[PDB]
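full-length UniProt numbering puts the first residue of the sequence shown at 14, with every later residue one more than the last.
The beta-carbon is built from N, C-alpha and C at its ideal position, and this holds for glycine as well.
Structure first, then comments.
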Amino acid sequence: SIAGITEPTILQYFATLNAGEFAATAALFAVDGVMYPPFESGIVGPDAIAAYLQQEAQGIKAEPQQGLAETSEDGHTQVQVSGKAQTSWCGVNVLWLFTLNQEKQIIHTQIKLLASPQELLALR
Numbered sequence: 014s015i016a017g018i019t020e021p022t023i024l025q026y027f028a029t030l031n032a033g034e035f036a037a038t039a040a041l042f043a044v045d046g047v048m049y050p051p052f053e054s055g056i057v058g059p060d061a062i063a064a065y066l067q068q069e070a071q072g073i074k075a076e077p078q079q080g081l082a083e084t085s086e087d088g089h090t091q092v093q094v095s096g097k098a099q100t101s102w103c104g105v106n107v108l109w110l111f112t113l114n115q116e117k118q119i120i121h122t123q124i125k126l127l128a129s130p131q132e133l134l135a136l137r
């Protein structure tokens, strides 16, 4: 769970991610949902998304600490979550920005790294 956030979709995003259930994580997105990761351009659809997560977020532990949520006037739920994404040898501070549709699918996710020198030695 995350401080300030009780939205089930977001809890599952991080739950499944930390179990290596990458296609389950990716299932949370609408079929044309987009992930915007730190170093590449956008990735479209659960398959490209699940590929990305499995062959990148390998060996990573996402550590969501706190979050905010809003409803925009078009009925979408906006959820911002801050935390860390660590490994054993290095980590990074992270802002996760989610937007959900009325059906609770992820329409898009942006992952922003809050920059440092360890981040500059990324594989990407």
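(request) Buried or exposed for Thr112, please, with buried defined as at least 16 other CB atoms from any protein chain shown within 10 angstroms of its CB. (result) Counting every other CB atom within 10 Å of its CB across the protein chains shown gives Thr112 a total of 16 or more, marking it as buried.
(request) Quick one: grab the DSSP three-state call for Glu132. (result) In the structure shown, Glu132 adopts helical secondary structure according to DSSP, grouped into three states.
(message) Using 8 Å as the cut-off, can you tell me whether the stretch 125-133 makes contact with the stretch 97-115, which would need three or more C-beta pairs spanning the two stretches below that distance?
(response) Two segments are said to touch when three or more pairs of C-beta atoms, one from each, lie closer than 8 Å; by this definition the stretch 125-133 touches the stretch 97-115.
(request) Compute the distance between the beta-carbons of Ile73 and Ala98, then report whether it is under 9 Å. (result) Going by C-beta atoms, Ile73 is nearer than 9 Å to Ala98.
(message) Please report the straight-line C-alpha distance between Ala16 and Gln78, rounded to a whole angstrom.
(response) 6 Å
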